[PDB]
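Everything below concerns the one structure shown next.
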Amino acid sequence: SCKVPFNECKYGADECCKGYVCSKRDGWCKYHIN
């Protein structure tokens with residue numbers, strides 16, 4: 001019930017796959033830590 005990290009991401013949206021973080025600047029799902 002989630003989308004790939006390569007795609008976009010909504011600030012706060014937990015829809016993304018657990019384990020990844022959502023960049024506030026880039027506005028996408030990534031693995032790197034903020």
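The deposited model was determined using solution NMR.
Note that Cβ sites are derived from N, Cα and C of the backbone, with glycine treated the same way.
Quick look at what Swiss-Prot annotates:
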DISULFID  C2-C17  disulfide bond
DISULFID  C9-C22  disulfide bond
DISULFID  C16-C29  disulfide bond
Q: Would you count the other CB atoms within 10 A of the CB of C17 (disulfide bond), including those on all shown protein chains?
A: 12
Q: Mind checking which of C2, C22, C29 has the fewest other CB atoms within 10 A of its CB? They're the disulfide-bonded residues.
A: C2
(Q) What's the number of neighbouring CB atoms sitting within 10 A of the CB on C9 (disulfide bond)? (A) 20
Q) If you measure C-alpha to C-alpha, which of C2, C16, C29 (disulfide-bonded residues) come within 10 angstroms of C22 (disulfide bond)? A) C16, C29
Q) Restricting the comparison to the disulfide-bonded residues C2, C9, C17, which residue's C-alpha is spatially nearest the C-alpha of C29 (disulfide bond)? A) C9
Q.
Around the C-beta of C16 (disulfide bond), how many further C-beta atoms are within 10 angstroms, looking at every protein chain?
A. 20
